[PDB]
Amino acid sequence: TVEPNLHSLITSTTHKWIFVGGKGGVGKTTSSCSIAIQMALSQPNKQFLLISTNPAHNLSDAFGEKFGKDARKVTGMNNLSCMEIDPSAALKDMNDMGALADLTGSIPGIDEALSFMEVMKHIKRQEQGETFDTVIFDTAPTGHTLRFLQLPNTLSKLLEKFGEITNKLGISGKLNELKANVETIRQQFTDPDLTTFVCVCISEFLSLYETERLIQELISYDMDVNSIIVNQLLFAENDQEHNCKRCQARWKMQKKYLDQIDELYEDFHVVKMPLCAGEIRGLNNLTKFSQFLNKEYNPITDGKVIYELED
Amino acid sequence: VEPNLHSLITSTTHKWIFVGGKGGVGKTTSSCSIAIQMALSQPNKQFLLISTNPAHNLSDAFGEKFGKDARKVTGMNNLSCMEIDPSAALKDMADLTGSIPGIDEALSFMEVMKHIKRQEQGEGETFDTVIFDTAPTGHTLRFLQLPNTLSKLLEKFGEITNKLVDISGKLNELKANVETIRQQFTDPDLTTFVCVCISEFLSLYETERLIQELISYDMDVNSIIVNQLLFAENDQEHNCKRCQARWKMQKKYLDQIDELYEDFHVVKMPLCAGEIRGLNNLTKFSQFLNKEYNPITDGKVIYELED
Amino acid sequence: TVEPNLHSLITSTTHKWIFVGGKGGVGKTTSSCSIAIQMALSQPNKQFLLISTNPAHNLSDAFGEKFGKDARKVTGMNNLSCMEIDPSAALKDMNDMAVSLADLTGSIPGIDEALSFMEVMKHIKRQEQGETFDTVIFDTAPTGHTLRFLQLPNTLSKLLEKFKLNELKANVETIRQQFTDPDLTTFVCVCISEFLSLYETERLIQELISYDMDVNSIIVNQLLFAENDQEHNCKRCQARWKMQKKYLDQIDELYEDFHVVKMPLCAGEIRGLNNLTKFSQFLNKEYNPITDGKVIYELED
Amino acid sequence: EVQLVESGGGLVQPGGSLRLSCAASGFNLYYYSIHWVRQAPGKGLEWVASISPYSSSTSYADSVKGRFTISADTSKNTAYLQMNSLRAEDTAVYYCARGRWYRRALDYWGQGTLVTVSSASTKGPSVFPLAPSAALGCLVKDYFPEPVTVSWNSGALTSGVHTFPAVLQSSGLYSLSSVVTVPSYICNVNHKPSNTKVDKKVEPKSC
Amino acid sequence: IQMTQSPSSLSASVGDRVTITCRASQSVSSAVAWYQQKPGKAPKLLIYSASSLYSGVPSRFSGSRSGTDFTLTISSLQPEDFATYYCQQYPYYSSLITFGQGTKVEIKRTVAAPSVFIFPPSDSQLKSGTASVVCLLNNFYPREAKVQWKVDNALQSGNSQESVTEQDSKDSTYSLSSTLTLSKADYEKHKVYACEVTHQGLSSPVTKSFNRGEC
Ligand SMILES: Nc1ncnc2c1ncn2[C@@H]1O[C@H](COP(=O)(O)OP(=O)(O)OP(=O)(O)O)[C@@H](O)[C@H]1O
Ligand SMILES: Nc1ncnc2c1ncn2[C@@H]1O[C@H](COP(=O)(O)OP(=O)(O)OP(=O)(O)O)[C@@H](O)[C@H]1O
Ligand SMILES: Nc1ncnc2c1ncn2[C@@H]1O[C@H](COP(=O)(O)OP(=O)(O)OP(=O)(O)O)[C@@H](O)[C@H]1O
Ligand SMILES: [Mg+2]
Ligand SMILES: [Mg+2]
Ligand SMILES: [Mg+2]
Ligand SMILES: [Zn+2]
Ligand SMILES: [Zn+2]
């Protein structure tokens, strides 16, 4: 049956776009960091780019160094870079190709639009030219990330009405460039060999329903989804202390929903990750945690590792 | 400054209450809890709890379906919930428009506009107080910048409008509406932003970033809910290595939070063993926003959650 | 078996008029407050009014706050109000509106029922039009004079049948049909398990039935259950309970078609919102002398 | 104590409307999916509609899509099926059943409610004796709509009784026979949708 | 898109192992369920997810998946296991629910000839202006039978209707009525009315007849 890990994705030589998403606070940032690290360690001759498309960025916080609109290598690694788009500064560097920039810089949607433009300018870079091999997206929570992924479709339909209107109102080739560019992006996003969406969730009632809507929504967009990370699991029966009323009670809830998840998502890689005692922060800890996306965590075997994170 | 939201809960001036914070810290749980407390404490006022998170969870929280039209919470006389579906709202007023980024924030802004108008006219389906279960930090900031953003935007449009049905008047009409929202949103007695957070590293810096940003918009925040606290030293169970180690970390940051935000109502809420859903469990949970949670005394409530 | 509770009444969304009556001192007032509270808690989205049509009012005394001819919210409740019509004050204000004898008219036997009825018309005139409360519970006078009141729609209608005046006849006939509607109006009988109450109670129900008034609920109040006291002594209590239990069997047999709700004699005072609420729960979920026994002594003093 | 209760089934003329109701208890239907499955006379199960409040999604079988509408009142814990533009084919026993967000199999069902669609009007049966020539019985002829219940000696005679399934005649009315064998007797027919009750004595031939 | 359930019916005895098959047109993974429906009652859930036994269902019920082929196995039929069974697919990529045509599992027993009875139209009915004559076939097995009407030695077609009961729970037999419907005028235009019954339990066809108004 389907192995409970991301080993196939981590060692993949075909995927160019990897979206990590899900409900607020399930562990998208933690998971996207971990996936990006595993791919980087697993494929040393490739260059990877982890971009946060969440307007409230946490990559800088997680690694303990400042990232921005321009990609920077993670300190300590040779092939992993991070980026956190700043709408104001990104529009400024077009401002200083300056009112326009700041105005549009705060309009709702700007963060989704500039993330999309990042994809666009990456497509143009690949064709002509040496750039990042695989790009992993630390996305915003469900609601807005769905907007982002509708954009190839949304812009395509818009650019049809736009063209026939702007030509009679009153440069036309600039439309065709984007119109074709958007298409290219949609082709790659609906290609399961080039693009995939890794869902993150927690085994709690409120995250269950939202995760299922999300997955269905993505499938409707012809977006490949075949992996689900169930994060922050207690595995209370393996503590070998078997006490703490709260932990046993919460694990009972988790385990219950974990059986429901297992049953519905039989055809998905269902990757189960433990709630750690320490902080998943800094290169070392993120790396130590990431290994369990590659080789499934065993509560009986690797039980001590949740207590072995630096402080 | 007392570690509770009693004054906000019993406030008779506030019209706009934003409940926000990082993803997954407890915005939805807290906003429901705040809305119940206020509705219970003020039975003569009508309360509306609106979700501006495109991934709505109010319906899931209460266990009943809500929509764009306000509906009363079953079991409450003066609390209603609203969850606007963009594609379905525009159909009443273009499905591609319902998929455009920012459309969620726009329709939410229009909803605020509808209510200030009806409140001004003393006519129409109205609510005395609107509480917002907001999207996470990033997009909520975009929403609260909208009065400033739209203001500048309508100025520029003025010129390129005069470039070529008496349209200038409608721009002027919008400028005025926006201006009324800006003054109400920046009035500390009418509007406040309640921050929800958890005592963890990634939450601390984002929360601080958020508050500093809200203040630059002349938005009031004097309330911070620190949620999902373990209180391990009070569990009466001095074991479980994970809880002890996790609590030691929570407690460490908790001292820092308490020191920095001394001017704020710092409300501490426990991690529950049960599920906080349904009116009853939400009501029981919400009591600790009005009267601070004593881990030594109120500890039983952690397991008293209906299932 | 008809369930020994008033749950289906408490949760009813059809009933507009609810009369709580019965013999003197059996617990109309206590029960009417209890019913009123249960309904208000069970249906917060609706407004309930509790009117005392007993000229010797006790609602103010029972809750411990001043009610009067003008409806007033029960302190602690968001959707329950009480009204105690003062005949002198009502006639005083009415006579003032006339300018814009009254003393004596407020002293005539029957004025209380006439003014009570006038309160009913006041709510159906405001319901029929967009010109109030969804459900009105009546804490009535004892049996005798309550019957005169309930027969009053028929009495006016028939007298005016023999006999501006259309409006009157139209509004009277409207109350006559709604009071005889099982889904809108019902009568909850309160009684005690004592011989003097038994025959009056049976007389009362039969009378009501003949008026085409619906009655399907009986509260048997002030029961000792001395077999469950944990004491199993006190000669008076055992002797009296022996007598109560005997009649309770007789009641259960005769009224098999009725909701027969059994309520225990409490050790404390059933006064104030807190104690009335704690008592009222047993109208919704039947009282178990074995399990719910402790509540008898938990009444706040 | 989980259970589903259907209601609102009855007789409707073609092109007409009918609203079915499914009252749920023992659970909150908001967190589950509710389904309508129907069963035509002598036929198999056919799913027609589903609703999942927790996703705001509804789903219809092509055979009814555009004509039917499924909805739910989560405050009344009740689901509904609005049937418009009804046709003869829509005649069936309509069940409501429950599914789970992770399992779209139907675990709990109601008792079912009968919907009959025809231009024919309600009519009570005529009862003729099938006198013993031993076997004997009653012909219950020309009634509408289903169902009819028959007894013998008001319940006393049950052994040897064979009550045949109704047959729809060309007239649009149903007919069936009920027989019993006894050693060489009154049949009791009850048709509620017309509120008819006939007792018909069956004796040998007078010759 | 179309679930093919086979066989459409099957006879078996108590203690037999029986297998019902459902073939899915497309891959629906393991999202298939099985139901049991008894006459007049709502279906009951037996198995979900192809092979997972639902709570309260006896262990003699079993399900397996082989690609798009799904099986329901009853390892040892009990008297109560006799009913109709339905498979059902609920694919993850769709919101459609699709049932199979059903399988009626019935009890096998020994051959039993029908006892045959004929009933002329009653005098009560003739006064009403119509004529129904009924042929009764009582307690036979197997279910297969043919009834033909002969009026004055002439075969009838399109003016008869048959009805058959469900298997008797004790006798495990069927019964059948055939009813020839004519107008009173047509009824009185002929003398001899006979229904001929063909069944495997009969060496030669049995015929019951009567002359009109001869008592
Ligand atoms: N397996 C884990 N064990 C222990 N702590 C965790 C684990 N996963 C996440 N955390 C912590 O929980 C918090 C939430 O993690 P994270 O930020 O990655 O989720 P998120 O989906 O990206 O949130 P957001 O919606 O704001 O973008 C973080 O403080 C993180 O350090
Ligand atoms: N004090 C608590 N105790 C126990 N569980 C909690 C507590 N607060 C929240 N939860 C649970 O944790 C999850 C996250 O809570 P919640 O939905 O309210 O946060 P959120 O900020 O609104 O998330 P989102 O960004 O997606 O909108 C929920 O499943 C909720 O039931
Ligand atoms: N179950 C009970 N337990 C204890 N005390 C009770 C109980 N029911 C009633 N009482 C007390 O008995 C007295 C009579 O009760 P109550 O006033 O409600 O009866 P009533 O029918 O309304 O009297 P009246 O005919 O004058 O209007 C009151 O003092 C009340 O407090
Ligand atoms: Mg994040
Ligand atoms: Mg939320
Ligand atoms: Mg009284
Ligand atoms: Zn613990
Ligand atoms: Zn005593």
Side-chain angles (χ1 to χ4, degrees), chain A residues 1-3 8-9 19 21-22 142 145-146 149-150 152-153 186-187 189-199 201 208-230 260-271, chain D residues 32-35 37 46-52 54-63 65 70 99-106, chain E residues 1-4 22-34 47-52 63 65-70 87-100:
Chain A
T1 59
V2 192
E3 58 174 3
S8 311
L9 179 60
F19 301 90
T142 307
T145 291
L146 279 178
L149 293 170
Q150 291 174 92
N153 196 77
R186 193 182 192 278
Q187 295 169 5
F189 279 5
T190 65
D191 188 330
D193 285 343
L194 296 179
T195 308
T196 197
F197 189 110
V198 176
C199 291
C201 67
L208 293 175
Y209 291 97
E210 183 174 322
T211 303
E212 172 59 14
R213 303 183 199 110
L214 176 56
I215 295 177
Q216 290 292 350
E217 195 88 340
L218 295 175
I219 296 174
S220 75
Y221 303 157
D222 292 274
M223 187 75 54
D224 178 81
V225 47
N226 70 85
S227 294
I228 302 169
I229 300 171
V230 181
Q260 302 180 355
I261 294 167
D262 278 333
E263 187 185 333
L264 182 59
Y265 304 114
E266 55 166 340
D267 296 318
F268 296 76
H269 298 283
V270 182
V271 189
Chain D
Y32 294 73
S33 65
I34 267 54
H35 309 259
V37 175
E46 182 190 10
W47 169 79
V48 296
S50 308
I51 183 167
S52 291
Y54 64 84
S55 57
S56 318
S57 76
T58 60
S59 183
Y60 304 91
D62 296 331
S63 55
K65 178 200 59 179
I70 193 177
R100 287 126 113 132
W101 71 263
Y102 62 99
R103 213 214 322 289
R104 195 163 76 244
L106 310 182
Chain E
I1 62 192
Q2 286 192 341
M3 291 261 278
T4 308
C22 271
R23 186 182 295 262
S25 58
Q26 291 176 4
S27 171
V28 292
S29 294
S30 313
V32 308
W34 291 92
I47 290 177
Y48 60 88
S49 191
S51 52
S52 297
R65 171 195 169 185
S66 183
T68 55
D69 297 319
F70 302 89
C87 62
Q88 181 241 324
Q89 67 172 221
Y90 49 110
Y92 183 80
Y93 55 85
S94 171
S95 51
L96 303 185
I97 289 175
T98 296
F99 291 101

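Note that these values count all heavy atoms, side chains included, but never hydrogens, waters or copies made by symmetry. So that the names make sense, note that chain A is the first sequence line, chain B the second, and so on, each numbered from 1.
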As an exercise, state the distance from [atom1] of [X] to [atom2] of [Y], rounded to the nearest 0.5 Å.
{"X": "E:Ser29", "Y": "A:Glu266", "atom1": "OG", "atom2": "CD", "value": "5.0 Å"}
{"X": "A:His269", "Y": "A:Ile228", "atom1": "NE2", "atom2": "CD1", "value": "11.0 Å"}
{"X": "A:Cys201", "Y": "A:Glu210", "atom1": "SG", "atom2": "CD", "value": "10.5 Å"}
{"X": "A:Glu212", "Y": "A:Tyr265", "atom1": "CD", "atom2": "OH", "value": "3.5 Å"}
{"X": "D:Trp47", "Y": "E:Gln88", "atom1": "CH2", "atom2": "CD", "value": "10.5 Å"}
{"X": "D:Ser55", "Y": "A:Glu217", "atom1": "OG", "atom2": "CD", "value": "10.5 Å"}

Pair D:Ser50, E:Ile97 - check side chain to side chain contact (heavy atoms under 4.5 Å, CB included), show working. CA-CA 9 Å; D:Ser50 308; E:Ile97 289 175; 4.2 Å; yes
Below 4.5 Å, heavy atoms only, C-beta onward: do [X] and [Y] meet side chain to side chain?
{"X": "D:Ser52", "Y": "D:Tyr32", "answer": "no"}
{"X": "A:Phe197", "Y": "A:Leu214", "answer": "yes"}
{"X": "D:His35", "Y": "D:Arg104", "answer": "yes"}
{"X": "A:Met223", "Y": "A:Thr190", "answer": "no"}
{"X": "A:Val271", "Y": "A:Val230", "answer": "no"}
{"X": "E:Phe99", "Y": "D:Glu46", "answer": "no"}
{"X": "A:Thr196", "Y": "A:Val225", "answer": "no"}
{"X": "A:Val198", "Y": "A:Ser227", "answer": "yes"}

Side-chain donor-acceptor contact under 3.5 Å, A:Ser8 with A:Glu3: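 Short answer, yes.
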Using atom types as modelled and distance alone, determine if a side-chain donor or acceptor of D:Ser33 lies under 3.5 Å from a backbone N or O of D:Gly99.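 Answer holds: yes.
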State whether the side chain of A:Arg213 and the backbone N or O of D:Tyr54 hold a donor-acceptor pair below 3.5 Å, judged by distance alone.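 Yes; at least one donor-acceptor contact below 3.5 Å.
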Is it the case that D:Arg103 places NZ or CZ above or below the six-membered ring of E:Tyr48, under 6.0 angstrom from the centre and within 45 degrees of the axis?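 Yes, D:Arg103 sits over the ring of E:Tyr48.
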For residues [X] and [Y], report the shortest heavy-atom separation together with the two atoms involved.
{"X": "E:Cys22", "Y": "E:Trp34", "answer": "SG-CH2, 3.6 Å"}
{"X": "E:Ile47", "Y": "E:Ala50", "answer": "CG2-O, 3.4 Å"}
{"X": "E:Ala33", "Y": "D:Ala105", "answer": "CB-CB, 3.8 Å"}
{"X": "A:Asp224", "Y": "A:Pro192", "answer": "OD1-CB, 3.5 Å"}
{"X": "A:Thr195", "Y": "A:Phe189", "answer": "OG1-CA, 3.5 Å"}

Can you label the angle between the E:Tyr92 ring and the A:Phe268 ring as parallel, tilted or perpendicular, going by 30° and 60°?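 Rings of E:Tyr92 and A:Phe268: perpendicular, as their planes differ by over 60°.
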Determine, stepwise, if the pair A:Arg186 / A:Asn153 fulfils side chain to side chain contact (heavy atoms under 4.5 Å, CB included). CA-CA 7 Å; A:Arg186 193 182 192 278; A:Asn153 196 77; 3.4 Å; yes
More than 12 foreign heavy atoms under 6.0 Å from CZ of E:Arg65: is that the case here?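 Yes, because the 6.0 Å sphere around CZ of E:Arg65 holds more than 12 heavy atoms from other groups.
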A:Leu218 vs A:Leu149, side chain to side chain contact (heavy atoms under 4.5 Å, CB included): CA-CA, chis, key distance, verdict: CA-CA 8 Å; A:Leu218 295 175; A:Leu149 293 170; 3.5 Å; yes
Where do A:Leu146 and A:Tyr221 land on the side chain to side chain contact (heavy atoms under 4.5 Å, CB included) test, with the steps shown first? CA-CA 10 Å; A:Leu146 279 178; A:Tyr221 303 157; 4.1 Å; yes
